[PDB]
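Chains as they are written, first to last, in this note's numbering: chain C, 4 to 9; chain G, 1467 to 1495; chain R, 14 to 98; chain Z, -14 to 149; chain Y, 484 to 552; chain P, 305 to 401; chain H, 205 to 255; chain U, 650 to 763. The beta carbon of each residue, even a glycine, is placed where N, CA and C say it ideally should be. Quick notes on the structure that follows.
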Amino acid sequence: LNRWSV
Amino acid sequence: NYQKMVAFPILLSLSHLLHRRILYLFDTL
Amino acid sequence: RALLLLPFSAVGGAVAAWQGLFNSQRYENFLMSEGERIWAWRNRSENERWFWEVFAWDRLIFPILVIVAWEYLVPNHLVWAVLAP
Amino acid sequence: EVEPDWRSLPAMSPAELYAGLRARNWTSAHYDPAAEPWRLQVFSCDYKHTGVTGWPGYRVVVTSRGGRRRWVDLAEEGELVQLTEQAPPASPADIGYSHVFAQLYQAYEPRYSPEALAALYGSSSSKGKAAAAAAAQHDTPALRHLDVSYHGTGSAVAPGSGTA
Amino acid sequence: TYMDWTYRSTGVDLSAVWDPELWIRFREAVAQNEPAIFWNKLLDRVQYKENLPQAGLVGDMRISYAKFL
Amino acid sequence: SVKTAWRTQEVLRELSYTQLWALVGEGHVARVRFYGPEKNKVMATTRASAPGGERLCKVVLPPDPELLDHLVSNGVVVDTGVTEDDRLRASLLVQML
Amino acid sequence: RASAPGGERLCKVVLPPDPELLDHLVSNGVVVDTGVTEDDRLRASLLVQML
Amino acid sequence: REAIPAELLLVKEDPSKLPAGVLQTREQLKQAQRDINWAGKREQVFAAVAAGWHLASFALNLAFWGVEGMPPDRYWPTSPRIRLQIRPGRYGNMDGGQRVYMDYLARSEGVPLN
């Protein structure tokens, strides 16, 4: 999905 | 009962989500 | 004789006392204690912060809101209600 | 007249005001001769653009027999009707100040003694000034209505002041 | 011509934006081979400001509401 | 069946014009609140003398110009939920904006 | 009609709010064709306004 | 010099021939005075309440003041380029851009050198 979300 | 009891967590969540949404609106702009 | 009337000095003394309350070792100790409590609470939670910063809007509330909004807006058509969304 | 405290006076519905005006209207089918006199004072806001608590329509202060004062908020014009309209509107929440002013106009209509049988037919000459003008009339609202003035609220803030 | 079928068939009410008079003028121009019939209407629609009254309205030509009545 | 069903909050209870007219004529409705953008819906607050006590019913009507000549003819006070306090709160909100 | 001055033609007329117009057209033998007029104006005039 | 006696200057009004309700009672006069006093300050009071709410928000921000008391946040770094993923690449970057970057950084830091 998104790298900064995890 | 429940008068300012089902409101305070919901208003707390709304305030937090609103502030994070303003920050993310700056981010997407 | 008495120039003390209309006490601008007394109303500024509140601001002076407010400034003097901080920048002391008591306020530094309070700030360090608050840093300890913030550190403790940040180690305790660790899941609710990710839920509220990543999940709660983008993956829980916003898809529900846009699907409900689209179905409330578009006409009762098969393409507009199923295939286009 | 001094503009009253709107937040403290008891409120009366526009429907109730319309029913009372119909009951004091002798030209209407719902006329009640045994009706208490009403003093109607219509206020129009004059601090709409100078103040901050302005209101768009009219406010009718109704004073009853015992000195009790209520008020009606005719904020919007309802079903726009002519002044001679007597039919109540469907969905009573469409009673605005147009119906109230129509009832006020219809109330003050003069009532004539049954000399029209000797006036609408007559004998000869200028019957309207020789047999009708010497016939008189009864008002009918002057013993049941006041409608004593149409007032305006005070504007304590000047329209071009620093406070404004 | 009228596009009144568009909402119940697609969901988009093209009758809100379609011009039946312009379609009729285009159809008549095509049938008669007289393109001025469609072109004049299209140009009147586009250059509407230039169709505003600029002759006989010179220098504050207001009468009144009461004089107009 | 008030002795058979469980209690579940207090929802409105959609009536019809005929039902409301019957209980207005019989003098069971104490107050009406016309609502709807089209003003074709009514909150009917019944009185304690009604068979069932105070219940906040909801009625939908056709546009019949005889409602007033039944409600205010018998006993019913029409009202709106926007009082002067709510209007002044709206004015305060406009001032903040 | 063909008996009109100028032959048979289609002409666009914008109307004022005249309540006697429909009675005039009916009593003078005119085929009054309205069309559709979907009730839900908000829903019908939504996608075309987006366009 | 004329005298004009007061019987030709004063009003001989008797509060008996007046119609009923015309003569205001003390309670009615007090209510009228209260209504006049409230109408003379109502808009000022409401405007002061709205401005006081805005001033309370501004004073809360003033009590916030700076950065002290707030932990660093891994979800909100101080740079939007950190927060998003924005890097310069092959198209756009040119040698002169270093000079322009130097001048913009000098102006942003606040020094008049280039």
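- When DSSP reads this structure, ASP31 of chain Z sits in no beta bridge, so it has no partner.
- Rounded to whole angstroms, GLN399 of chain P and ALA700 of chain U show a C-alpha spacing of 8 Å.
- Residue nearest to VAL315 of chain P within the set P:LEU360, P:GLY385, P:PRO366 is P:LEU360 (criterion: CA-CA distance).
- Close CB contacts of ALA0 of chain Z within its chain, under the 7 Å cut and outside five residues either way in sequence, are with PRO77, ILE80 (chain order).
- Between the region -14 to 4 of chain Z and the region 382 to 395 of chain P there are three or more inter-stretch CB-CB distances shorter than 8 Å, so the stretches are counted as touching.
- Under the 7 Å criterion on CB atoms, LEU1491 of chain G is classed as non-interfacial with respect to chain R.
- Residue-level contact check: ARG245 of chain H does not touch chain R, since none of the beta carbons of chain R fall below 7 Å from its beta carbon.
- Exposure of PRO536 of chain Y is indicated by the presence of fewer than 16 other C-beta atoms within 10 angstroms of its C-beta.
- Here DSSP, grouped into helix, strand and coil, assigns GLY5 of chain Z to helix.
- Contact between the region 77 to 92 of chain R and the region 22 to 36 of chain Z is absent, with fewer than three C-beta pairs closer than 8 Å.
- At a cut-off of 7 Å between beta carbons, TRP83 of chain R makes no contact with chain Y.
- For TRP(-9) of chain Z, the chain P residues whose C-beta falls within less than 7 Å of its own C-beta are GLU388, listed in chain order.
- By the rule that beta-carbons nearer than 7 Å mark a contact, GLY542 of chain Y does not touch chain R.
- Beta-bridge analysis with DSSP links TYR43 of chain Z to Z:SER29, Z:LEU59.
- Under the DSSP assignment, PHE21 of chain R falls in the alpha helix (DSSP H) whose first and last residues are 21 to 34.
- The criterion of a C-beta distance shorter than 7 Å is satisfied by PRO73 of chain Z and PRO369 of chain P.
- Between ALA20 of chain Z and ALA8 of chain Z, the gap from beta carbon to beta carbon is short of 7 Å.
- Those residues of the region 66 to 78 of chain R placed with their C-beta closer than 9 Å to a C-beta in chain G are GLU66, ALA69, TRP70, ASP71, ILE74, ordered along the chain.
- Residue environment: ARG508 of chain Y is assigned as buried (16 or more neighbouring CB atoms within 10 Å of its CB, all protein chains considered).
- Following the DSSP letters along the chain, one finds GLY137 of chain Z inside the beta strand (DSSP E) bounded by residues 134 to 137.
- The beta carbons of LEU327 of chain P and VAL363 of chain P sit no closer together than 7 Å.
- In this structure, the straight-line span from the alpha carbon of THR69 of chain Z to that of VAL333 of chain P is close to 32 Å.
- Its Cα nearest to that of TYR485 of chain Y, the residue Y:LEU497 stands out among Y:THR493, Y:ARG491, Y:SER492, Y:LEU497.
- The closest CA to that of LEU505 of chain Y, considering only Y:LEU526, Y:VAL495, Y:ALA549, Y:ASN516, is found on Y:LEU526.
- Remark: C-beta atoms of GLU717 of chain U and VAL37 of chain Z do not approach each other more closely than 7 Å.
- A distance below 8 Å between beta-carbons, with the five flanking residues on each side excluded, links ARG732 of chain U to the following residues of its chain, in chain order: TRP725, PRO726.
- With its beta carbon less than 7 Å from one in chain U, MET400 of chain P belongs to the interface.
- Listed in chain order, the positions of the region 10 to 38 of chain Z with a beta carbon within less than 7 Å of a beta carbon of chain P are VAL37, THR38.
- A straight-line Cα-Cα distance of about 40 Å links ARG675 of chain U and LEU372 of chain P.
- Scanning chain H for C-beta atoms nearer than 9 Å to the C-beta of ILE520 of chain Y yields nothing, as the closest lies near 11 Å away.
- With respect to chain R, the C-beta atom of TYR724 of chain U has a partner C-beta closer than 7 Å.
- Proximity of chain Z to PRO367 of chain P at the Cβ level (cut-off 7 Å) is accounted for by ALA75, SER76, in chain order.
- Boundaries of the alpha helix (DSSP H) around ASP684 of chain U: 675 to 688.
- Secondary structure note for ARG391 of chain P: its alpha helix (DSSP H) is the uninterrupted segment 388 to 400.
- With 16 or more neighbouring CB atoms inside 10 Å of its own CB, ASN10 of chain Z falls in the buried class.
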